[PDB]
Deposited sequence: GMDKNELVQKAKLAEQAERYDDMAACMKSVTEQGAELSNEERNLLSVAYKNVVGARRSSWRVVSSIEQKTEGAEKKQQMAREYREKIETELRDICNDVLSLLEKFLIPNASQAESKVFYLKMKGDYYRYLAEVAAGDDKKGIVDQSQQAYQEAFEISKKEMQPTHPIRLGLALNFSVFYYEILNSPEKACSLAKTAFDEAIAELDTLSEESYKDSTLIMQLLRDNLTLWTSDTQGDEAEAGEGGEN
């Protein structure tokens, strides 16, 4: 299969909700080395969001059971071993994505929009490793923090405060501060400024992106309200 065939098979897999097939198609598209179009970029992001998402969801359930069964020895060991199995899958998925970002996506991102998208993505998949990492953690946390910080600097300089990629990055960096670093105030401060800056310049909303923009602002405020 050539690029166009793999992209078409990815769209079919998406419709069929076969996200492993979708991810394999887009992985192959990325390994051809050419810069991804906006469409291909979104197909890659959606595919892996769902592939890693099923493992993160399974991990959270099994971890909660493993915690809930402290007094039931047999059942807790069963839960622990299964959580570890899920973790190996989750790590392999994150390592696959971060390898694509480092080998192809980040070096070929010619425009600011793309660079911010892929650095945020790097920040995100290092954050998923950090969610399950328990001595390797500090290094993983630092790699997520460095990707997010670089993306944040470029977005504040090159993008309008209502751009969905700029808002989304502020949302996920904010989640990183709260969940991974346990800095609720630093998380709240980031989400609040992101929200207020966007409210002050709503005239900069594009018809092709206003739905994602307004959605992320609602999410930014939800996190601010929940962490307060």
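Q: Checking coverage: what stretches of the deposited chain sequence are missing C-alpha positions?
A: Seq positions lacking coordinates: 1, 136, 231-246.
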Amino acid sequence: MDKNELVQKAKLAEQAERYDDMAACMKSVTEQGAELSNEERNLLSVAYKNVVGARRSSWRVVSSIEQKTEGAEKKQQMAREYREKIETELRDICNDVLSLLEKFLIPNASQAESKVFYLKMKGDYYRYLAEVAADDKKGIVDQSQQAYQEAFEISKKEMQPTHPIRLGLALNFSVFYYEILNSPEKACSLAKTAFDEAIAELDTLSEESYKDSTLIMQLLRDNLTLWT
From here on, numbers count along this sequence of modelled residues.
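C-alpha atoms forming the largest set that superposes within 1.5 Å between two forms make up the rigid core.
Q: Give, as the answer, the stretch of 73-81 and 106-114 that departs more from the shown form in 8 other deposited structures of this protein; the measure is RMS Cα distance after a core fit.
A: Higher root mean square deviation of C-alphas in 8 other deposited structures of this protein is shown by 73-81.
Q: Please work out whether 195-203 or 57-65 has the higher root mean square C-alpha deviation in 8 other deposited structures of this protein relative to the shown form, with the rigid core as fitting region?
A: So, of the two stretches, the farther one in 8 other deposited structures of this protein is 195-203.
Q: Looking at the deposited entry, does 112-120 or 84-92 carry the larger mean Cα B-factor?
A: Per the deposited B-factors, the answer is 112-120.
Q: Out of 140-148 and 124-132, which stretch has the higher average CA B-factor listed in the record?
A: For C-alpha atoms only, the mean B-factor is higher in 140-148.
Q: In the PDB entry, which of 63, 182, 37, 172 has its C-alpha at the highest B-factor?
A: Largest recorded C-alpha B-factor: 182.
Q: By the entry's C-alpha temperature factors, tell me which of 58, 50, 193, 30 sits highest.
A: Out of 58, 50, 193, 30, the record gives the largest C-alpha B-factor to 193.
Q: By the record's CA B-factor, is residue 97 among the lowest, middle or highest third of residues in the chain?
A: Lowest third, going by the recorded CA B-factors of the chain.
Q: Quick one: classify residue 186 as lowest, middle or highest third of the chain based on its Cα B-factor.
A: According to the entry, residue 186 has a C-alpha B-factor in the chain's highest third.
Q: Ordered by C-alpha B-factor within the chain, which third holds residue 166? Give me lowest, middle or highest, please.
A: It belongs to the middle third of the chain when residues are ordered by C-alpha B-factor.
Q: C-alpha B factor of residue 207, ranked within the chain: lowest, middle or highest third?
A: Highest third, going by the recorded CA B-factors of the chain.
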